[PDB]
>>> print(open('coords_0.cif').read())   # mmCIF, N, CA, C and O atoms and all ligand atoms
data_upload
#
loop_
_atom_site.group_PDB
_atom_site.id
_atom_site.type_symbol
_atom_site.label_atom_id
_atom_site.label_comp_id
_atom_site.auth_asym_id
_atom_site.auth_seq_id
_atom_site.Cartn_x
_atom_site.Cartn_y
_atom_site.Cartn_z
ATOM 1 N N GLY A 1 -105.958 10.758 80.646
ATOM 2 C CA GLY A 1 -106.667 11.207 79.462
ATOM 3 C C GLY A 1 -105.795 12.045 78.548
ATOM 4 O O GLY A 1 -104.937 11.517 77.840
ATOM 5 N N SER A 2 -106.016 13.356 78.561
ATOM 6 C CA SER A 2 -105.247 14.269 77.722
ATOM 7 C C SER A 2 -103.771 14.245 78.105
ATOM 8 O O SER A 2 -102.895 14.177 77.242
ATOM 9 N N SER A 3 -103.502 14.302 79.405
ATOM 10 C CA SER A 3 -102.132 14.291 79.904
ATOM 11 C C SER A 3 -101.227 15.150 79.025
ATOM 12 O O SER A 3 -100.099 14.768 78.716
ATOM 13 N N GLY A 4 -101.732 16.313 78.625
ATOM 14 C CA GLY A 4 -100.958 17.208 77.786
ATOM 15 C C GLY A 4 -101.801 17.874 76.716
ATOM 16 O O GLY A 4 -102.378 17.201 75.864
ATOM 17 N N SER A 5 -101.872 19.201 76.761
ATOM 18 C CA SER A 5 -102.654 19.958 75.792
ATOM 19 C C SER A 5 -101.841 20.230 74.530
ATOM 20 O O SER A 5 -101.150 21.244 74.431
ATOM 21 N N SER A 6 -101.928 19.317 73.569
ATOM 22 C CA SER A 6 -101.197 19.455 72.314
ATOM 23 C C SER A 6 -102.136 19.312 71.120
ATOM 24 O O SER A 6 -102.679 18.237 70.868
ATOM 25 N N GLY A 7 -102.323 20.406 70.386
ATOM 26 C CA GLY A 7 -103.195 20.381 69.228
ATOM 27 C C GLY A 7 -102.649 19.519 68.107
ATOM 28 O O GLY A 7 -102.264 18.371 68.330
ATOM 29 N N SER A 8 -102.615 20.072 66.899
ATOM 30 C CA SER A 8 -102.116 19.343 65.739
ATOM 31 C C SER A 8 -100.603 19.488 65.615
ATOM 32 O O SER A 8 -99.900 18.529 65.297
ATOM 33 N N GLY A 9 -100.107 20.695 65.871
ATOM 34 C CA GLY A 9 -98.680 20.944 65.784
ATOM 35 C C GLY A 9 -98.307 21.755 64.558
ATOM 36 O O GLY A 9 -97.322 21.456 63.885
ATOM 37 N N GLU A 10 -99.097 22.784 64.267
ATOM 38 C CA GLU A 10 -98.845 23.638 63.113
ATOM 39 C C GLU A 10 -98.158 24.933 63.535
ATOM 40 O O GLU A 10 -97.168 25.348 62.931
ATOM 41 N N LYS A 11 -98.689 25.568 64.573
ATOM 42 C CA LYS A 11 -98.128 26.816 65.077
ATOM 43 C C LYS A 11 -97.961 26.764 66.593
ATOM 44 O O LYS A 11 -98.637 27.471 67.340
ATOM 45 N N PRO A 12 -97.040 25.908 67.059
ATOM 46 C CA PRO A 12 -96.762 25.745 68.489
ATOM 47 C C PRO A 12 -96.073 26.967 69.089
ATOM 48 O O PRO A 12 -95.830 27.025 70.294
ATOM 49 N N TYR A 13 -95.761 27.939 68.240
ATOM 50 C CA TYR A 13 -95.097 29.159 68.685
ATOM 51 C C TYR A 13 -96.043 30.353 68.607
ATOM 52 O O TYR A 13 -96.983 30.364 67.813
ATOM 53 N N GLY A 14 -95.786 31.359 69.439
ATOM 54 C CA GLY A 14 -96.622 32.545 69.450
ATOM 55 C C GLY A 14 -95.881 33.771 69.943
ATOM 56 O O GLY A 14 -95.104 33.696 70.895
ATOM 57 N N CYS A 15 -96.120 34.906 69.293
ATOM 58 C CA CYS A 15 -95.468 36.155 69.668
ATOM 59 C C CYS A 15 -96.347 36.963 70.619
ATOM 60 O O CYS A 15 -96.828 38.040 70.269
ATOM 61 N N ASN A 16 -96.551 36.434 71.820
ATOM 62 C CA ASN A 16 -97.373 37.106 72.821
ATOM 63 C C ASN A 16 -97.221 38.621 72.722
ATOM 64 O O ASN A 16 -98.187 39.364 72.891
ATOM 65 N N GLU A 17 -96.000 39.071 72.448
ATOM 66 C CA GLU A 17 -95.722 40.497 72.326
ATOM 67 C C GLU A 17 -96.844 41.208 71.577
ATOM 68 O O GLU A 17 -97.355 42.234 72.027
ATOM 69 N N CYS A 18 -97.223 40.657 70.429
ATOM 70 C CA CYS A 18 -98.283 41.237 69.613
ATOM 71 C C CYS A 18 -99.523 40.347 69.619
ATOM 72 O O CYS A 18 -100.651 40.836 69.611
ATOM 73 N N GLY A 19 -99.302 39.036 69.633
ATOM 74 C CA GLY A 19 -100.410 38.097 69.639
ATOM 75 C C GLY A 19 -100.501 37.299 68.354
ATOM 76 O O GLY A 19 -101.581 36.852 67.967
ATOM 77 N N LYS A 20 -99.364 37.119 67.689
ATOM 78 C CA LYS A 20 -99.318 36.370 66.440
ATOM 79 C C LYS A 20 -98.816 34.950 66.675
ATOM 80 O O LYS A 20 -98.418 34.596 67.786
ATOM 81 N N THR A 21 -98.836 34.137 65.623
ATOM 82 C CA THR A 21 -98.383 32.755 65.716
ATOM 83 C C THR A 21 -97.455 32.402 64.559
ATOM 84 O O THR A 21 -97.548 32.980 63.476
ATOM 85 N N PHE A 22 -96.558 31.450 64.795
ATOM 86 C CA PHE A 22 -95.611 31.021 63.773
ATOM 87 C C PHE A 22 -95.439 29.504 63.794
ATOM 88 O O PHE A 22 -95.643 28.860 64.822
ATOM 89 N N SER A 23 -95.064 28.942 62.649
ATOM 90 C CA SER A 23 -94.868 27.501 62.534
ATOM 91 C C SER A 23 -93.618 27.060 63.289
ATOM 92 O O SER A 23 -93.607 26.012 63.933
ATOM 93 N N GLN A 24 -92.566 27.869 63.202
ATOM 94 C CA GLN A 24 -91.311 27.563 63.876
ATOM 95 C C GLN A 24 -90.734 28.807 64.546
ATOM 96 O O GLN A 24 -90.996 29.932 64.120
ATOM 97 N N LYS A 25 -89.948 28.596 65.597
ATOM 98 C CA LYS A 25 -89.334 29.699 66.325
ATOM 99 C C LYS A 25 -88.408 30.502 65.417
ATOM 100 O O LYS A 25 -88.511 31.726 65.336
ATOM 101 N N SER A 26 -87.504 29.805 64.735
ATOM 102 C CA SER A 26 -86.559 30.454 63.834
ATOM 103 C C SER A 26 -87.211 31.637 63.124
ATOM 104 O O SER A 26 -86.567 32.657 62.874
ATOM 105 N N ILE A 27 -88.491 31.492 62.800
ATOM 106 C CA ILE A 27 -89.230 32.548 62.119
ATOM 107 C C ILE A 27 -89.739 33.590 63.109
ATOM 108 O O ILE A 27 -89.644 34.794 62.864
ATOM 109 N N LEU A 28 -90.277 33.120 64.229
ATOM 110 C CA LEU A 28 -90.799 34.011 65.259
ATOM 111 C C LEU A 28 -89.691 34.888 65.835
ATOM 112 O O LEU A 28 -89.802 36.113 65.853
ATOM 113 N N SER A 29 -88.622 34.250 66.301
ATOM 114 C CA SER A 29 -87.494 34.971 66.879
ATOM 115 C C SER A 29 -87.195 36.238 66.084
ATOM 116 O O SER A 29 -87.155 37.337 66.639
ATOM 117 N N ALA A 30 -86.986 36.078 64.782
ATOM 118 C CA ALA A 30 -86.694 37.209 63.911
ATOM 119 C C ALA A 30 -87.803 38.254 63.975
ATOM 120 O O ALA A 30 -87.536 39.454 64.040
ATOM 121 N N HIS A 31 -89.048 37.789 63.958
ATOM 122 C CA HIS A 31 -90.199 38.685 64.014
ATOM 123 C C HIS A 31 -90.207 39.477 65.318
ATOM 124 O O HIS A 31 -90.709 40.599 65.370
ATOM 125 N N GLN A 32 -89.649 38.884 66.368
ATOM 126 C CA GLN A 32 -89.594 39.534 67.672
ATOM 127 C C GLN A 32 -88.440 40.529 67.736
ATOM 128 O O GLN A 32 -88.464 41.471 68.530
ATOM 129 N N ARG A 33 -87.432 40.316 66.896
ATOM 130 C CA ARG A 33 -86.269 41.194 66.858
ATOM 131 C C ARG A 33 -86.689 42.641 66.615
ATOM 132 O O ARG A 33 -86.167 43.564 67.241
ATOM 133 N N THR A 34 -87.635 42.832 65.701
ATOM 134 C CA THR A 34 -88.123 44.166 65.373
ATOM 135 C C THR A 34 -88.969 44.735 66.506
ATOM 136 O O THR A 34 -89.006 45.948 66.717
ATOM 137 N N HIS A 35 -89.646 43.853 67.234
ATOM 138 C CA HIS A 35 -90.491 44.269 68.348
ATOM 139 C C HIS A 35 -89.670 44.992 69.412
ATOM 140 O O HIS A 35 -90.101 46.006 69.962
ATOM 141 N N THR A 36 -88.484 44.464 69.698
ATOM 142 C CA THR A 36 -87.604 45.057 70.697
ATOM 143 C C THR A 36 -87.629 46.579 70.616
ATOM 144 O O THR A 36 -87.770 47.151 69.536
ATOM 145 N N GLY A 37 -87.488 47.231 71.767
ATOM 146 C CA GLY A 37 -87.497 48.681 71.804
ATOM 147 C C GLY A 37 -88.853 49.263 71.456
ATOM 148 O O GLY A 37 -88.967 50.088 70.551
ATOM 149 N N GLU A 38 -89.884 48.829 72.175
ATOM 150 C CA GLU A 38 -91.238 49.311 71.935
ATOM 151 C C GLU A 38 -91.418 50.725 72.482
ATOM 152 O O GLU A 38 -91.502 50.929 73.693
ATOM 153 N N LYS A 39 -91.477 51.698 71.579
ATOM 154 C CA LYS A 39 -91.647 53.093 71.968
ATOM 155 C C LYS A 39 -93.120 53.419 72.194
ATOM 156 O O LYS A 39 -94.005 52.915 71.503
ATOM 157 N N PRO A 40 -93.390 54.284 73.183
ATOM 158 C CA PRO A 40 -94.755 54.698 73.520
ATOM 159 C C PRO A 40 -95.377 55.582 72.445
ATOM 160 O O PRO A 40 -95.146 56.791 72.412
ATOM 161 N N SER A 41 -96.165 54.972 71.566
ATOM 162 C CA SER A 41 -96.816 55.704 70.486
ATOM 163 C C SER A 41 -97.916 56.612 71.030
ATOM 164 O O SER A 41 -98.021 57.776 70.648
ATOM 165 N N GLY A 42 -98.733 56.068 71.927
ATOM 166 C CA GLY A 42 -99.814 56.841 72.510
ATOM 167 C C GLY A 42 -99.710 56.938 74.020
ATOM 168 O O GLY A 42 -99.018 57.801 74.561
ATOM 169 N N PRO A 43 -100.408 56.036 74.724
ATOM 170 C CA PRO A 43 -100.408 56.004 76.190
ATOM 171 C C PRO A 43 -99.066 55.554 76.759
ATOM 172 O O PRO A 43 -98.703 54.382 76.663
ATOM 173 N N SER A 44 -98.336 56.492 77.352
ATOM 174 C CA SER A 44 -97.033 56.192 77.934
ATOM 175 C C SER A 44 -97.170 55.217 79.100
ATOM 176 O O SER A 44 -97.420 55.620 80.235
ATOM 177 N N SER A 45 -97.003 53.931 78.809
ATOM 178 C CA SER A 45 -97.111 52.896 79.829
ATOM 179 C C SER A 45 -96.438 51.606 79.370
ATOM 180 O O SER A 45 -96.386 51.311 78.177
ATOM 181 N N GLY A 46 -95.923 50.840 80.327
ATOM 182 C CA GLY A 46 -95.259 49.592 80.003
ATOM 183 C C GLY A 46 -96.130 48.383 80.281
ATOM 184 O O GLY A 46 -97.137 48.200 79.600
HETATM 185 ZN ZN ZN A 101 -94.926 40.027 67.293
#
>>> encode(input="coords_0.cif", output="structure tokens", more="lines below")
Ligand SMILES: [Zn+2]
Amino acid sequence: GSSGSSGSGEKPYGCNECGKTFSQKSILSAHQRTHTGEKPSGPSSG
């Protein structure tokens, strides 16, 4: 049947880090670059 969960193919990428989506990685990767080094704003936990 499905033999693979593939939607339309608009935003196959996602920044789990925050929970966003992107059309292509090239764009996401960069968006994740800023994410790096997540400092504890409130609750000190990883
Ligand atoms: Zn993100």
>>> closest_atom_pairs(input="coords_0.cif", of="chain A", to="ligand ZN 101 (chain A)", cutoff="12 Å", atoms="only C-alpha atoms and all ligand atoms", output="Markdown table")
| residue | atom | partner | partner_atom | distance |
| --- | --- | --- | --- | --- |
| A:13 | CA | A:ZN101 | ZN | 11.0 |
| A:14 | CA | A:ZN101 | ZN | 8.0 |
| A:15 | CA | A:ZN101 | ZN | 4.6 |
| A:16 | CA | A:ZN101 | ZN | 6.7 |
| A:17 | CA | A:ZN101 | ZN | 5.1 |
| A:18 | CA | A:ZN101 | ZN | 4.3 |
| A:19 | CA | A:ZN101 | ZN | 6.3 |
| A:20 | CA | A:ZN101 | ZN | 5.8 |
| A:21 | CA | A:ZN101 | ZN | 8.2 |
| A:22 | CA | A:ZN101 | ZN | 9.7 |
| A:25 | CA | A:ZN101 | ZN | 11.8 |
| A:27 | CA | A:ZN101 | ZN | 10.7 |
| A:28 | CA | A:ZN101 | ZN | 7.6 |
| A:29 | CA | A:ZN101 | ZN | 9.0 |
| A:30 | CA | A:ZN101 | ZN | 9.3 |
| A:31 | CA | A:ZN101 | ZN | 5.9 |
| A:32 | CA | A:ZN101 | ZN | 5.4 |
| A:33 | CA | A:ZN101 | ZN | 8.7 |
| A:34 | CA | A:ZN101 | ZN | 8.2 |
| A:35 | CA | A:ZN101 | ZN | 6.2 |
| A:36 | CA | A:ZN101 | ZN | 9.5 |
| A:38 | CA | A:ZN101 | ZN | 11.0 |
>>> atom_distance(input="coords_0.cif", atom1="atom C of residue 11 of chain A", atom2="atom C of residue 24 of chain A")
7.8 Å
>>> select_by_dssp(input="coords_0.cif", residues="chain A", states="strand (DSSP E)", output="list in words")
residues 13, 14, 15, 20, 21 and 22 of chain A
>>> atom_distance(input="coords_0.cif", atom1="atom O of residue 9 of chain A", atom2="atom N of residue 23 of chain A")
7.9 Å
>>> atom_distance(input="coords_0.cif", atom1="atom CA of residue 26 of chain A", atom2="atom O of residue 46 of chain A")
26.0 Å
